[PDB]
Amino acid sequence: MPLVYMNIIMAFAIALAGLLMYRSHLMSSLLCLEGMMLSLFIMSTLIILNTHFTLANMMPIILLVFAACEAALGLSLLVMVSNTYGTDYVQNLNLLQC
Amino acid sequence: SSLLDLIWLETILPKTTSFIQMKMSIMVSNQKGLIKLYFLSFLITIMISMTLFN
Amino acid sequence: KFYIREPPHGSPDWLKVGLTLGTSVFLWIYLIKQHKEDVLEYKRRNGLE
Amino acid sequence: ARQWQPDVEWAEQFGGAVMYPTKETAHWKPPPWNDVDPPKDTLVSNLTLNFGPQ
Amino acid sequence: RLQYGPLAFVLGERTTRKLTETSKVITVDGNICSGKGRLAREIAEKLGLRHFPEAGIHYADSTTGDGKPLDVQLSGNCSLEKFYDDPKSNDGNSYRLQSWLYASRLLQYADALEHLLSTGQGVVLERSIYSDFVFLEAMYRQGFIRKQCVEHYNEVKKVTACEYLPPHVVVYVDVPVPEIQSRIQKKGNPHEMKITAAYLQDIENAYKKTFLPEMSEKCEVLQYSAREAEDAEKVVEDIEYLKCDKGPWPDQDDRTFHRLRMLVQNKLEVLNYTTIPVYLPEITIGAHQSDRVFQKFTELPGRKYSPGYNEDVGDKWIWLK
Amino acid sequence: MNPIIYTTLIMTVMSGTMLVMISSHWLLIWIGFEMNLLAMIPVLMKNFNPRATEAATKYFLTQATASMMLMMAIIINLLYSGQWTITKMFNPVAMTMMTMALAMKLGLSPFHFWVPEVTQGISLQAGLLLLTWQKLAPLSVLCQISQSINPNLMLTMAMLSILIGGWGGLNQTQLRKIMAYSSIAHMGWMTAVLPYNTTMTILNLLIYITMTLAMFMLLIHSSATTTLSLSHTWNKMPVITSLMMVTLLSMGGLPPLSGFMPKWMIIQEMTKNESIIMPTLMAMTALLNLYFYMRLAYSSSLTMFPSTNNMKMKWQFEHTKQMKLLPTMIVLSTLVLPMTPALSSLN
Amino acid sequence: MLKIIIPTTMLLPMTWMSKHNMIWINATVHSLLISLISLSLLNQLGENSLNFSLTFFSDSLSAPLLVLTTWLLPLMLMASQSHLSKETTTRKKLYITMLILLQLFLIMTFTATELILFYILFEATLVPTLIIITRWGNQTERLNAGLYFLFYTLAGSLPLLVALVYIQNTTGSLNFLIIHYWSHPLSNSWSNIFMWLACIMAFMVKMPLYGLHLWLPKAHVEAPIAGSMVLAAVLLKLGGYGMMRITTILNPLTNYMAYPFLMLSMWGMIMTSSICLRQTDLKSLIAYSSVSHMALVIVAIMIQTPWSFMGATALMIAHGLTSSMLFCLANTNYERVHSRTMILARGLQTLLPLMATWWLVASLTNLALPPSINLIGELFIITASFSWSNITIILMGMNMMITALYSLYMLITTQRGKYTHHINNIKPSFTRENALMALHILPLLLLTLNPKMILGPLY
Amino acid sequence: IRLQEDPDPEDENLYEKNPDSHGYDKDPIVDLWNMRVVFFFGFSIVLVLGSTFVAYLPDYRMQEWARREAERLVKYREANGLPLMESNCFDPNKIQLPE
Ligand SMILES: CCCCCCCCCCCCCCCCCC(=O)OC[C@H](COP(=O)(O)OCCN)OC(=O)CCCCCCCCCCCCCCCCC
Ligand SMILES: Nc1ncnc2c1ncn2[C@@H]1O[C@H](COP(=O)(O)OP(=O)(O)O)[C@@H](O)[C@H]1O
């Protein structure tokens with residue numbers, strides 16, 4: 001495997017580690033979640049373009065579509081949380097306990 | 001009656017097991033419900049599964 | 001008359017009763033016919049009768 | 001001359017936030033009856049703007 | 001359809017379509033022994049609205065089974081006469097009566113809302129759950145009940161009454177306490193003759209200081225004296241010429257009305273939080289007495305099975321029902 | 001929420017799950033997962049309050065992370081094989097990623113905290129739908145890809161789920177959290193049998209779904225969400241408490257009830273593969289689940305807790321809404337042990 | 001076996017469809033009829049068992065246990081109708097239903113021909129017993145007693161399930177006839193040691209073994225009278241029956257693995273008799289006496305000789321009858337004074353003569369008095385233990401002396417002396433109680449008359 | 001007090017209403033017939049009939065058959081000078097020992 005695939009997979013790993021390590025803001029974690037799908041899009045299109053899988057060229061567009069559907073869902077939940085508490089801090093999401 | 005039946009036969013098998021189960025139950029259920037905490041736990045679990053399992 | 005308000009189940013829902021009895025009869029006759037056809041087909045395939 | 005049945009002490013034993021309380025879990029509180037928490041007194045903090053004189 | 005629900009809603013039954021702009025909730029309020037009942041009767045009959053007398057004990061008895069009241073041991077377990085005779089009882093009669101009366105008023109308000117949303121006809125209540133707390137404060141400031149009883153009342157009232165629509169019109173009849181006592185003496189009933197002046201004053205203070213200021217913000221409030229309340233023609237004329245668009249009823253939509261109707265037509269969901277596990281000595285009943293009284297209630301004539309399935313009260317065709 | 005919108009959201013959740021269970025393409029399976037989550041979030045947020053909003057937020061975050069890991073596994077598998085068909089995965093790294101993603105979606109330990117948190121946060125109908133259907137789908141994917149499952153990782157997560165469910169259910173007093181920990185333990189049992197017999201996995205899924213439906217519908221009938229709220233049901237409708245008691249006995253695995261059949265069959269199947277330590281540990285650990293089921297049974301039916309005074313009015317009034325298939329779910333969850341050999345029909 | 005199984009499943013709807021005041025009469029009459037019908041199982045063969053069908057079979061070991069269960073049900077009905085006068089009709093019918101289900105499960109357990117069906121049924125017996133204890137117990141401790149009973153039994157029995165499925169996988173069948181005919185020796189290995197341990201430990205917990213017995217006083221003292229009767233008479237015999245059944249495939253590992261259990265049984269027999277000497281509760285005294293007798297039965301099964309098995313069977317039957325009678329007598333006393341303290345009620349011989357006679361006969365049967373079947377079983381076990389080793393005679397003699405001591409101590413404390421002055425509500429003994437005692441005691445004497453019916457297949 | 005609880009009821013005596021009570025039921029006729037059915041069925045039917053049935057159960061254990069066979073074998077073996085008890089259960093010719 002070339003080093004380009006290594007860099008894209010490392011980018012996905014970095015974006016995944018960012019999401020799993022919150023700081024204060026839910027918006028920052030939503031941005032980290034959006035980056036993972038960007039890395040997935042780049043990796044998928046690099047793989048498909050290199051193997052000339054012609055009919056697979058439509059897959060990254062569907063990937064983007066469901067990516068922004070998830071982004072919309074996250075934004076809606078974020079506005080509800082911000083209306084409830086005044087800030088998008090994840091510390092306020094502590095009413096429910098394990 | 002007292003030393004064996006009422007004290008040590010109760011202490012060994014049934015009481016110690018119940019105490020251990022209660023302690024483990026408290027330990028597991030004592031969570032503040034913080035997504036930051038258990039997502040850090042998720043990251044640790046993912047790293048361990050990737051490295052220690054082949 | 002006893003109740004101050006007419007109970008919802010004051011009189012039988014004759015439509016539901018008739019549908020229930022018809023469904024039971026249909027299922028039983030269908031099961032009998034299916035069992036008869038199954039026995040006949042089994043005998044025919046295995047060359048018994 | 002009658003069978004024992006649970007009383008208010010038994011019910012209050014079973015009525016805490018969790019079984020087997022600790023310090024933190026004693027500081028915990030049971031959820032509201034209809035699962036609706038009282039609204040928080042957040043401040044709107046509208047933007048204050050000087051329209052003029054320049 | 002054949003019963004209101006989501007299927008009826010998607011079929012097209014709409015409360016806004018059903019309403020006729022005369023569908024109003026009017027609650028008449030006043031101190032003890034006022035003309036509020038007669039005023040409510042006159043207002044209901046002049047405006048063509050359905051009258052709901054004050055929800056005392058045995059209202060649920062009147063609305064279920066046969067209309068006849070049940071035994072006090074099976075329905076309410078409280079006595080207004082005993083409250084009058086010995087207000088500071090050691091058996092919690094005062095707060096048992098107060099909580100039972102609040103539950104009865106909640107049930108009556110649910111029934112009135114269901115009738116309004118299913119028929120479009122307005123309802124005139126002789127009192128509501130929003131006016132019920134004045135007797136709670138009157139008991140509390142006189143030492144009849146305890147702070148724990150007040151707190152339990154507040155919790156139940158919050159979680160229950162937070163879900164309903166306030167009345168369109170609140171009509172308060174103001175009568176001075178000496179006149180109240182004169183009317184009580186003229187009536188001659190001994191138990192209410194034992195009522196003290198401070199208890200009557202606390203009710204009026206609660207009405208004047210809390211209930212009327214609270215109801216003014218929500219919607220229109222009409223106050224009349226004895227003479228004004230006696231002449232109901234002017235009261236009805238005043239009601240007919242009320243301009244108001246600041247209530248929640250204009251904000252209500254078809255989906256909100258659907259949710260409210262689904263709530264109010266379910267009488268067990270209305271009373272869901274009236275029995276919460278708060279173990280006050282006044283309202284808590286032991287296991288043995290609970291079992292015995294439940295057995296007696298099940299042994300009541302038309303109460304063992306569902307209403308359509310009680311053979312001993314003359315129900316036939318049970319085997320095909 | 002409009003009833004039409006609610007039924008279309010339920011239809012969309014079921015459409016996503018069915019797309020997952022009928023697709024032969026990894027992209028279409030991922031699409032089904034995404035559609036299921038997208039239509040499932042508002043179902044959680046149907047009854048709007050801060051607790052419901054927080055539960056929906058946590059569920060969305062967990063499922064989004066799992067979907068990202070799942071798509072990464074799909075892409076990595078495609079890189080080394082060029083195949084989109086769902087079969088045995090060709091890369092061990094991609095298989096590990098897919099296993100972790102599906103375990104996170106199911107709630108297997110150590111990915112379990114969101115299960116009690118969300119189940120407590122959401123209402124009873126939402127919890128019922130969540131548990132049942134959202135376990136239904138990822139288990140289908142795992143059954144399809146079972147032959148490449150790493151036995152060590154799968155059995156580790158399964159045993160962790162069993163232990164953690166037992167202990168959490170031991171501690172909890174809230175009925176929804178108790179049901180969530182029960183779900184965690186049952187998922188542990190199912191995934192423990194998964195690398196050997198997907199038929200036993202499906203059998204345990206069916207029995208668990210039946211028992212969970214019966215229990216949740218009984219809770220909705222009694223309108224009790226806490227232990228003390230359930231302690232008042234004996235004074236209004238004592239039949240429901242007895243049915244709940246027998247259902248609880250069944251869920252604990254006591255013979256001759258329906259809950260013993262999955263444990264029995266799974267233990268037999270794992271023994272056929274020369275596994276003894278794991279079946280013995282799994283059998284012994286379920287006694288914690290049985291203990292807290294028995295504790296719940298003591299409070300509701302086997303003893304009489306004190307009641308209140310408005311329960312007389314509650315006596316006077318009658319239940320209106322009729323639960324659909326509740327008697328069938330109660331019978332199927334207690335009295336189907338003699339019908340065990342139908343698992344061949346399930347095969 | 002269906003001619004006995006179906007009438008119980010018909011006792012159920014008869015109980016639920018009879019009138020409110022006729023449930024006890026109908027249940028008692030038809031239980032007695034079913035017992036009479038089940039008396040026909042005693043006609044056994046000298047060569048093999050009675051193999052009715054592929055699912056059920058009867059033997060010289062199963063037949064007396066089935067007859068004892070079917071005879072025990074109506075006595076439990078009598079005691080229950082004694083103590084459940086104010087109950088509602090539905091709850092009376094539910095209690096009768098629990099008893100009927102327990103009897104049906106016990107019958108199917110004793111007649112099951114496979115080990116896995118036997119496991120399923122003998123674990124199914126827990127649910128009715130747990131319901132009865134934790135629902136109709138009088139005191140608070142019934143919940144803890146039920147928890148202890150259930151968890152002891154299940155923690156013992158789950159490894160038995162694992163071992164049974166493993167044995168089926170290894171050998172091809174769990175059918176008792178096949179495993180007896182196709183049995184092979186058990187080599188000395190860790191795996192075989194732990195298989196032996198799983199099976200034996202399950203049944204030892206059921207016995208109970210000394211050190212695994214606290215659940216027995218807990219449950220027996222806190223259970224209602226019918227629950228106490230069934231727990232001691234029959235439910236303790238499931239462990240002995242199982243051990244006498246499974247030990248076919250556990251040889252020759254039983255020669256070496258039985259030492260700790262034999263030592264525990266003998267020493268704990270001594271210790272539980274000594275505990276009986278110093279019990280302030282009558283029910284606890286009866287329960288610990290049961291523990292000692294079942295420890296002797298464990299010794300017999302572990303030494304595993306043809307003379308020991310006959311003694312084990314006879315002692316199991318005798319102990320069932322005697323312990324049921326003792327529990328009934330103590331329950332009548334409790335129903336008098338509403339307390340289980342032994343020294344509370346005294347002078348009961350001068351206050352109730354015929355009950356004093358019943359106490360005397362029950363106590364004389366509790367200790368090994370010749371020629372009672374209690375003594376027959378105990379003497380056979382002692383002779384087999386003597387052939388095993390010659391200090392077991394020392395231990396058995398100590399146990400017999402302490403047994404006589406505590407039995408006569410109970411008799412003298414409850415019946416002799418002077419009556420308590422302030423207890424003035426001791427009404428004369430009822431015809432129902434006297435009939436219960438007579439029906440407990442007469443079959444024991446008739447069995448003494450005809451002893452080959454309870455000596456098992458080894459006779 | 002912490003609850004609205006019933007007082008503990010007084011113990012009910014069956015002999016107060018019915019002096020000739022058998023202790024089965026409060027109702028006199030029901031109690032009498034319960035006594036009658038219990039005594040008749042249990043004592044008479046079960047005890048007497050089952051006891052005589054067990055006493056006259058046929059000799060299916062073949063005790064007397066074994067005794068008669070033993071008598072025949074002893075007679076034959078002592079008449080011909082053969083040992084009364086054979087040394088081996090099976091035939092050494094039919095047994096094949098390993099080398
Ligand atoms: C494949 C079909 C699955 C079920 C589809 C329908 C589910 C919703 C309807 C049932 C609701 C619960 C049952 C009780 C209803 C009580 C109210 C009432 O009066 O119902 C009347 C109804 C008969 O009405 P009727 O319209 O005549 O029915 C025949 C079809 N026209 O009376 C009844 O319907 C009562 C009898 C119902 C039958 C039992 C339930 C289905 C069992 C199918 C066999 C398989 C069992 C295992 C199921 C799970 C695995 C498949
Ligand atoms: N919450 C309450 N607590 C105690 N008593 C109440 C309560 N509500 C109503 N009552 C009693 O019910 C009666 C209501 O009638 P009242 O207000 O006098 O009008 P009228 O004179 O028309 O009957 C009064 O005697 C009052 O004391």
# chains A, B, ... in the order shown; residues from 1 in each chain; ligands from 1
$ residues_near_ligand --ligand "ligand 2" --cutoff "10 Å" --atoms "only C-alpha atoms and all ligand atoms" --output "VMD selection string"
chain E and resid 29 to 40 53 to 57 79 to 81 83 to 84 94 to 102 105 126 to 129 131 to 139 180 183 to 184 187 189 191 to 193 195 199 to 200 203
$ closest_atom_pairs --of "chain A" --to "chain B" --cutoff "10 Å" --atoms "only C-alpha atoms" --output "tab-separated table"
residue	atom	partner	partner_atom	distance
A:16	CA	B:43	CA	8.7
A:17	CA	B:43	CA	7.0
A:18	CA	B:43	CA	9.8
A:19	CA	B:39	CA	8.4
A:20	CA	B:39	CA	5.1
A:21	CA	B:40	CA	5.9
A:22	CA	B:36	CA	5.4
A:23	CA	B:36	CA	7.7
A:24	CA	B:36	CA	9.0
A:90	CA	B:35	CA	7.5
A:91	CA	B:34	CA	7.1
A:92	CA	B:34	CA	9.0
A:93	CA	B:34	CA	7.2
A:94	CA	B:33	CA	5.4
A:95	CA	B:33	CA	7.4
A:96	CA	B:33	CA	5.8
A:97	CA	B:33	CA	4.1
A:98	CA	B:31	CA	5.3
$ write_last_selection --atoms "N, CA, C and O atoms" --output "compact mmCIF listing (two decimals), in the first residue's frame"
# COMPACT_ATOMS: atom_id res chain seq x y z
N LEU A 16 -11.28 10.06 14.66
CA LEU A 16 -11.98 9.18 15.59
C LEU A 16 -11.53 9.42 17.02
O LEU A 16 -12.36 9.45 17.94
N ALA A 17 -10.22 9.58 17.24
CA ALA A 17 -9.72 9.87 18.58
C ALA A 17 -10.23 11.22 19.07
O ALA A 17 -10.48 11.39 20.27
N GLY A 18 -10.36 12.19 18.17
CA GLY A 18 -10.90 13.48 18.56
C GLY A 18 -12.33 13.39 19.04
O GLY A 18 -12.70 14.01 20.04
N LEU A 19 -13.17 12.62 18.35
CA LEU A 19 -14.56 12.48 18.75
C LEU A 19 -14.68 11.79 20.11
O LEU A 19 -15.49 12.19 20.95
N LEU A 20 -13.87 10.76 20.34
CA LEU A 20 -13.93 10.01 21.59
C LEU A 20 -13.38 10.78 22.78
O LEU A 20 -13.53 10.32 23.91
N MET A 21 -12.73 11.92 22.55
CA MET A 21 -12.17 12.74 23.62
C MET A 21 -12.82 14.12 23.57
O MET A 21 -12.30 15.04 22.92
N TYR A 22 -13.95 14.26 24.25
CA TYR A 22 -14.63 15.54 24.34
C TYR A 22 -13.82 16.52 25.18
O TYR A 22 -13.01 16.11 26.01
N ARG A 23 -14.03 17.82 24.95
CA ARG A 23 -13.45 18.83 25.83
C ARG A 23 -14.52 19.61 26.57
O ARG A 23 -14.65 19.46 27.79
N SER A 24 -15.30 20.44 25.88
CA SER A 24 -16.48 21.06 26.50
C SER A 24 -17.66 21.08 25.54
O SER A 24 -18.80 20.84 25.94
N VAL A 90 -21.32 19.53 27.01
CA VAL A 90 -21.72 18.15 27.26
C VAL A 90 -21.77 17.82 28.74
O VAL A 90 -22.25 16.74 29.11
N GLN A 91 -21.29 18.72 29.60
CA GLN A 91 -21.37 18.49 31.04
C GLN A 91 -22.81 18.56 31.54
O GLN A 91 -23.14 17.94 32.55
N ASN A 92 -23.67 19.30 30.84
CA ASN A 92 -25.07 19.41 31.22
C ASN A 92 -25.88 18.17 30.87
O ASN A 92 -27.00 18.01 31.38
N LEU A 93 -25.36 17.30 30.01
CA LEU A 93 -26.02 16.03 29.69
C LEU A 93 -25.66 14.97 30.72
O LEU A 93 -24.98 13.98 30.44
N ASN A 94 -26.12 15.19 31.95
CA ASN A 94 -25.79 14.32 33.07
C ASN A 94 -27.00 13.95 33.92
O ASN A 94 -26.83 13.42 35.02
N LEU A 95 -28.22 14.24 33.45
CA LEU A 95 -29.41 13.86 34.21
C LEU A 95 -29.53 12.35 34.32
O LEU A 95 -29.90 11.83 35.38
N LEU A 96 -29.21 11.63 33.25
CA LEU A 96 -29.30 10.18 33.23
C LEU A 96 -27.97 9.57 33.65
O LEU A 96 -26.90 10.02 33.23
N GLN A 97 -28.04 8.55 34.50
CA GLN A 97 -26.85 7.91 35.04
C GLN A 97 -26.88 6.42 34.73
O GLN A 97 -27.93 5.83 34.50
N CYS A 98 -25.69 5.83 34.72
CA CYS A 98 -25.54 4.41 34.43
C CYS A 98 -25.61 3.59 35.71
O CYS A 98 -26.67 3.44 36.31
$ interface_residues --of "chain E" --to "chain H" --cutoff "8 Å" --atoms "only C-alpha atoms" --output "number ranges by chain"
E: 91, 280-289
$ select_by_dssp --residues "chain D" --states "helix (DSSP H, G or I)" --output "number ranges by chain"
D: 8-13, 23-27
$ atom_distance --atom1 "CA of residue 48 in chain G" --atom2 "CA of residue 122 in chain G"
23.9 Å
